[PDB]
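Trainee: Next comes query-v8.json, JSON, C-alpha atoms:
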```
[["chain", "number", "residue", "atom", "x", "y", "z"],
["A", 1192, "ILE", "CA", 81.61, -122.76, 84.74],
["A", 1193, "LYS", "CA", 79.05, -123.11, 81.94],
["A", 1194, "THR", "CA", 79.88, -121.57, 78.57],
["A", 1195, "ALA", "CA", 76.66, -121.03, 76.64],
["A", 1196, "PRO", "CA", 75.95, -119.58, 73.19],
["A", 1197, "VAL", "CA", 74.28, -116.19, 73.56],
["A", 1198, "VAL", "CA", 72.98, -113.60, 71.10],
["A", 1199, "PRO", "CA", 75.75, -111.17, 70.03],
["A", 1200, "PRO", "CA", 75.12, -107.70, 71.48],
["A", 1201, "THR", "CA", 75.23, -105.98, 68.08],
["A", 1202, "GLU", "CA", 72.42, -108.04, 66.52],
["A", 1203, "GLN", "CA", 69.70, -106.96, 68.96],
["A", 1204, "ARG", "CA", 68.37, -103.63, 70.17],
["A", 1205, "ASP", "CA", 66.46, -102.71, 73.31],
["A", 1206, "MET", "CA", 63.38, -100.67, 72.41],
["A", 1207, "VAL", "CA", 61.34, -98.84, 75.04],
["A", 1208, "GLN", "CA", 57.61, -99.55, 74.81],
["A", 1209, "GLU", "CA", 54.98, -97.38, 76.50],
["A", 1210, "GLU", "CA", 51.84, -99.36, 77.34],
["A", 1211, "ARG", "CA", 48.61, -97.48, 78.00],
["A", 1212, "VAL", "CA", 45.13, -98.80, 78.77],
["A", 1213, "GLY", "CA", 43.22, -95.81, 77.43],
["A", 1214, "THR", "CA", 43.53, -92.46, 75.76],
["A", 1215, "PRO", "CA", 43.36, -89.57, 78.25],
["A", 1216, "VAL", "CA", 40.60, -87.00, 77.86],
["A", 1217, "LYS", "CA", 41.18, -83.46, 76.62],
["A", 1218, "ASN", "CA", 41.02, -81.86, 80.09],
["A", 1219, "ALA", "CA", 42.93, -84.65, 81.79],
["A", 1220, "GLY", "CA", 44.32, -82.57, 84.63],
["A", 1221, "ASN", "CA", 40.97, -80.92, 85.37],
["A", 1222, "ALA", "CA", 38.77, -82.43, 88.04],
["A", 1223, "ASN", "CA", 35.77, -80.33, 86.93],
["A", 1224, "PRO", "CA", 36.01, -79.09, 83.33],
["A", 1225, "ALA", "CA", 32.29, -78.26, 83.57],
["A", 1226, "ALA", "CA", 32.90, -75.38, 86.01],
["A", 1227, "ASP", "CA", 33.79, -73.02, 83.17],
["A", 1228, "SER", "CA", 30.18, -73.38, 81.96],
["A", 1229, "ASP", "CA", 28.44, -73.60, 85.34],
["A", 1230, "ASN", "CA", 30.12, -70.32, 86.31],
["A", 1231, "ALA", "CA", 29.21, -68.40, 83.13],
["A", 1232, "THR", "CA", 26.37, -66.47, 84.71],
["A", 1233, "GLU", "CA", 26.46, -63.67, 82.12],
["A", 1234, "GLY", "CA", 26.37, -65.93, 79.06],
["A", 1235, "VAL", "CA", 28.64, -67.14, 76.29],
["A", 1236, "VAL", "CA", 28.77, -65.88, 72.70],
["B", 398, "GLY", "CA", 24.82, -73.52, 73.96],
["B", 399, "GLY", "CA", 22.90, -70.90, 72.04],
["B", 400, "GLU", "CA", 22.00, -68.35, 74.70],
["B", 401, "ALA", "CA", 23.74, -65.44, 72.96],
["B", 402, "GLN", "CA", 22.12, -66.49, 69.67],
["B", 403, "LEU", "CA", 18.53, -66.44, 70.88],
["B", 404, "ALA", "CA", 18.84, -62.73, 71.65],
["B", 405, "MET", "CA", 19.99, -62.32, 68.06],
["B", 406, "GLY", "CA", 17.22, -64.68, 66.97],
["B", 407, "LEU", "CA", 14.49, -62.52, 68.50],
["B", 408, "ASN", "CA", 15.73, -59.26, 67.01],
["B", 409, "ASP", "CA", 16.26, -60.83, 63.58],
["B", 410, "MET", "CA", 12.87, -62.56, 63.59],
["B", 411, "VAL", "CA", 10.98, -59.43, 64.60],
["B", 412, "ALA", "CA", 12.59, -57.19, 61.99],
["B", 413, "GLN", "CA", 12.17, -59.77, 59.23],
["B", 414, "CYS", "CA", 8.62, -60.87, 60.02],
["B", 415, "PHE", "CA", 6.71, -57.75, 61.08],
["B", 416, "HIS", "CA", 5.12, -55.26, 58.70],
["B", 417, "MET", "CA", 3.07, -52.10, 59.19],
["B", 418, "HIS", "CA", 0.55, -50.47, 56.86],
["B", 419, "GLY", "CA", 1.87, -47.01, 56.04],
["B", 420, "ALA", "CA", 0.05, -43.69, 55.99],
["B", 421, "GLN", "CA", -1.66, -44.25, 52.64],
["B", 422, "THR", "CA", -3.93, -47.00, 53.94],
["B", 423, "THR", "CA", -4.48, -45.79, 57.49],
["B", 424, "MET", "CA", -4.12, -42.02, 57.56],
["B", 425, "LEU", "CA", -3.84, -40.39, 54.13],
["B", 426, "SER", "CA", -6.60, -39.98, 51.55],
["B", 427, "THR", "CA", -5.02, -41.79, 48.67],
["B", 428, "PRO", "CA", -7.14, -42.92, 45.72],
["B", 429, "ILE", "CA", -7.77, -46.57, 45.02],
["B", 430, "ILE", "CA", -5.08, -46.44, 42.32],
["B", 431, "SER", "CA", -2.37, -46.03, 44.97],
["B", 432, "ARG", "CA", -4.19, -47.58, 47.93],
["B", 433, "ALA", "CA", -5.24, -50.88, 46.32],
["B", 434, "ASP", "CA", -3.43, -53.63, 44.45],
["B", 435, "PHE", "CA", -3.12, -52.65, 40.80],
["B", 436, "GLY", "CA", -3.10, -56.23, 39.57],
["B", 437, "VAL", "CA", -6.71, -56.68, 40.71],
["B", 438, "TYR", "CA", -8.27, -53.29, 41.46],
["B", 439, "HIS", "CA", -7.22, -51.41, 38.35],
["B", 440, "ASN", "CA", -10.76, -51.05, 36.95],
["B", 441, "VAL", "CA", -12.71, -50.92, 40.21],
["B", 442, "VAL", "CA", -13.29, -47.16, 40.14],
["B", 443, "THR", "CA", -14.39, -47.31, 36.50],
["B", 444, "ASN", "CA", -16.72, -50.26, 37.06],
["B", 445, "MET", "CA", -18.13, -48.98, 40.37],
["B", 446, "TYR", "CA", -18.89, -45.70, 38.61],
["B", 447, "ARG", "CA", -20.68, -47.70, 35.91]]
```
Could you render the structure as structure tokens?
Mentor:
Amino acid sequence: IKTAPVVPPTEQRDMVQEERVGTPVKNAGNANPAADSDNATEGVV
Amino acid sequence: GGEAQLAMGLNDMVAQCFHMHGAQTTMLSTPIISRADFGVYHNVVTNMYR
């Protein structure tokens, strides 16, 4: 048995951190966001 | 993307930048007083008569 001094549970707080490597684009779920333009065969106002 | 705005650009350019000559110059027999610029040809009938 080894009794060791630890940090009291009430003087620390677990905080969830979300780590990201880059900011997702506007049309993140779209494989081809350029197909709204390539399929505008009548024009756009 | 300005495809819809070129069609408006043509019709706005043509109306703004195209001028005809009216009946007075080309068809009607108006005197020089009403056919010609008054700031220059206001004494041209009097002097040509002289």
Trainee: Could you name the residues that touch region 1215-1232 of chain A at 12 Å or less, counting all atoms listed in the file, but leaving out those on the same chain fewer than 2 positions away, as a ChimeraX atom specification?
Mentor: /A:1211-1213,1234-1236 /B:398,400-401
Trainee: Emit as JSON the padded axis-aligned box for all listed atoms of region 420-431 of chain B, 3 Å per side, with centre and edge lengths in Å to one decimal.
Mentor:
```
{"center_x": -3.9, "center_y": -43.5, "center_z": 49.9, "size_x": 13.8, "size_y": 13.0, "size_z": 21.2}
```
Trainee: CA of residue 1198 (chain A) and CA of residue 1210 (chain A) are how many Å apart?
Mentor: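 Between these atoms lies a distance of 26.2 Å.
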Trainee: Near residue 443 (chain B), within 12 Å and counting only C-alpha atoms, which residues show up once chain neighbours fewer than 4 positions away are dropped, as a PyMOL selection string?
Mentor: chain B and resi 429-430+438-439+447
Trainee: Quick one: pull the distance between CA of residue 405 (chain B) and CA of residue 1233 (chain A), Å, one decimal.
Mentor: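 Taking CA of residue 405 (chain B) and CA of residue 1233 (chain A), their separation equals 15.5 Å.
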Trainee: What is the CA of residue 404 (chain B) to CA of residue 416 (chain B) distance in Å?
Mentor: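 Answer for the CA of residue 404 (chain B) to CA of residue 416 (chain B) separation: 20.3 Å.
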